[PDB]
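Here the structure is laid out as structure tokens; the discussion comes afterwards.
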Amino acid sequence: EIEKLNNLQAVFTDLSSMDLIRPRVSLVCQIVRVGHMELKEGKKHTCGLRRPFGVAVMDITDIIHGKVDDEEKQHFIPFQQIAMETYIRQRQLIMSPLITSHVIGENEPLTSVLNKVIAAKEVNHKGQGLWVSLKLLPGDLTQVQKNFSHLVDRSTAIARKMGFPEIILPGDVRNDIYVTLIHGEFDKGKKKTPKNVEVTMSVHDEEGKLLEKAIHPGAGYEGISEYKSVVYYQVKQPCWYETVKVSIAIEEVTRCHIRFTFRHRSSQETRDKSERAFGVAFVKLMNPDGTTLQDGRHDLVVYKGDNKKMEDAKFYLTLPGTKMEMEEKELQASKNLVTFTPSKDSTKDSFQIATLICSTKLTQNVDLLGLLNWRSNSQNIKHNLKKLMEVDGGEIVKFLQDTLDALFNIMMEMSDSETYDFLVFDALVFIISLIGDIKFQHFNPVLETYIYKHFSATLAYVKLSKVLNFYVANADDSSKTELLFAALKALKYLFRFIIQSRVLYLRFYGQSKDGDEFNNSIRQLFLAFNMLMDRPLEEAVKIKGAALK
């Protein structure tokens, strides 16, 4: 790109405070040649295929530390090419030739070369490299682009951090589906040479229509309909580890899946284009339980067989896509011998991917969804309430509004069962405790917003007062001790919600017929506190401290 050389400016935002204190931070440039499989002259070869070339790494940890900052500095990052050492040293070997090997100078993954460049501080770059000016600019994208508009303009390329920040601003709408093709074991088949497998991912809807520009190779580049993995020269297990960007509409990912096409890339363009994808794997970005694809590693299944079927959305989508899907279909097929015959097409070929989804609306939890599905999951409400605490505050905070609303619905509908009331009490306590954290304190304004505007309960305040009065009545209980202490920690917002419910009652029924009763509840909380406190301090000194606090 002739218009990018003078504007090849790379900015890496989201670098939180812990990002800086990382002991070892390295800016790694992947040098991959796009073009011919073989650097040979005389015959046509497949063009546009990606091959590993080398890795350039510079330890920029102290550069990100802010120790050194100067625009005019042009840090020459040494480039380390892969060891294609097969020409010089072979010229001197006489009087004892006993060697039977092959040429492996390009087949190594760039992961191994990168590991070597990390291990070897000095790179024998031999004058091959790249000059970059490295600086850290305080603040976010806006602050960097306004306090350093000269360095960083709106045309400057933008790159985000592989994860989440230490401060989650309310409304950080993102859909970062980072896909990393870790590795894949592909059988050589009838071919003596191992297939030059190239993972050409294809994002299709549930109807199979390929989503255009869904896959993004990386920062500073537009999306593409399909992204091709680095074609490895005759490798049985090509290890890619290629992290790519996927930005689907967060509403559309509910009906979108990435289909992974693996084609044998022969050394000849005619054979390359006459060879179809011998196997295709695929992953649905939504779990069967209504949640999106989980954050972690998913092992895809390379399917073999009729080319139409292995590309038929109405068929291969119905086919399990992962080894987890393999085993779940197999096990759920064991309890019912009703039309469950394993297909012999399930070859040993497998594919591995890493899906770091950095999103705001995407949901990854069974317990959270089921508890949000309380009106149809009444049987697991007792379990979903128990297991919502293990659901991370990050999962909760995305739809804390809906979680609160559903809890209040559970309370108003079935408050008769006090055990579920206790479960919702404790879930709410954990909720406020986690929101009060530094990570989630920024949604405390959102929490108050929900309290003051979106709150929709009219009698739960009674029940919560009852439950907390029971806690303070049973203060000496060791199991309760932590529960009541946590209730102490979040008393403020607890009674914010309680007062909201009470006032909603007030304005919905005109006058408080039980205002006397409610005030008596307040007074009895006072005096139950008094029994709590007049007990010997040795049992609950920290509890009395939190009470005073």
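For the chain, return all DSSP H helices satisfying: extent of Cα atoms along own axis at least 15 Å; mean Kyte-Doolittle hydropathy at least 1.0. Before the final figure, lay out each step's value.
Working: long enough: 400-414 (21 Å, 0.53); 418-435 (25 Å, 1.68); 460-473 (19 Å, 0.85); 478-489 (17 Å, 0.35); 491-508 (25 Å, 0.69); 515-534 (28 Å, -0.02); 537-548 (16 Å, 0.54).
Helices meeting the criterion: 418-435.
For the ranges 28-38, 262-272, what's the packing order if you count other beta-carbon atoms within 10 Å of each residue, average per peptide, and put the highest first?
Packing proxy ranking, top to bottom: 262-272, 28-38.
Compare the Cα positions of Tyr87, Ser155, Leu114 along the charge dipole of region 59-163 (+1 at Cβ of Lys, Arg; -1 at Cβ of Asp, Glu; about the Cα centre) and return the one farthest towards the positive end.
So the residue furthest toward the plus end is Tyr87.
Name the long-range amide H neighbours of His264: under 5 Å, sequence gap of 5 or more, or other chain; modelled H, no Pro or chain starts.
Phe278
Which of the pairs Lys135/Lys161; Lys382/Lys492; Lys4/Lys44 have their Cα atoms more than 19 Å apart in this structure? The partial results should precede the final answer.
On the way: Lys135/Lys161 16 Å; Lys382/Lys492 27 Å; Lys4/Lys44 31 Å.
Violating the 19 Å Cα-Cα cut-off are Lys382/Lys492; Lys4/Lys44.
Efficiency by 1/(1 + (r/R0)^6): what FRET value for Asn519 and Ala249, r their Cβ-Cβ distance, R0 = 51 Å, to the nearest 0.05? Kindly include the intermediate steps, with their values, before the conclusion.
On the way: r = 52 Å, r/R0 = 1.01.
FRET efficiency, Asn519 to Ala249: 0.50.
Report the FRET efficiency, 1/(1 + (r/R0)^6), for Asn307 and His36, where r is their Cβ-Cβ distance and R0 is 25 Å, rounded to 0.05. Before the final figure, lay out the partial values.
On the way: r = 27 Å, r/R0 = 1.07.
The value I calculate is 0.40.
Taking the Cα of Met84, stepping 7 Å toward and past its beta carbon, and measuring to each backbone N in region 263-292: which are under 19 Å?
Residues 265-269 fall inside that zone.
Sorting check: for 114-126, 362-374, 385-397, which peptide has the highest mean count of neighbouring beta carbons within 10 Å, and how do the rest follow?
Working: 114-126: 13.6, 362-374: 20.5, 385-397: 18.2.
The most tightly packed comes first, giving 362-374, 385-397, 114-126.
Arranged from highest to lowest average of other beta-carbon atoms within 10 Å per residue, in what order do the peptides 53-60, 499-506 appear?
Numbers: 53-60: 20.4, 499-506: 18.2.
Ranked by mean Cβ neighbours within 10 Å, highest first: 53-60, 499-506.
So which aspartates and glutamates can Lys480 reach, going by Cα to Cα under 14 Å and dropping same-chain residues fewer than 8 places off?
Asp426, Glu539
So what is the diffusion coefficient of the chain in µm² per second by Stokes-Einstein at 10 °C and 1.306 mPa s, using a Kirkwood Rh over Cα pairs?
Calculated translational D: 56 µm²/s.
Round to the nearest 0.05 the FRET efficiency obtained for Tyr221 and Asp70 when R0 = 25 Å and r is the Cβ-Cβ distance. The partial results should precede the final answer.
On the way: r = 29 Å, r/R0 = 1.15.
It comes to 0.30.
Every number here is computed from the coordinates shown, using simple stated rules; none is lab data. Don't worry about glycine lacking a Cβ; one is built from the backbone with ideal geometry, like all the others, and counts go over all protein chains shown.
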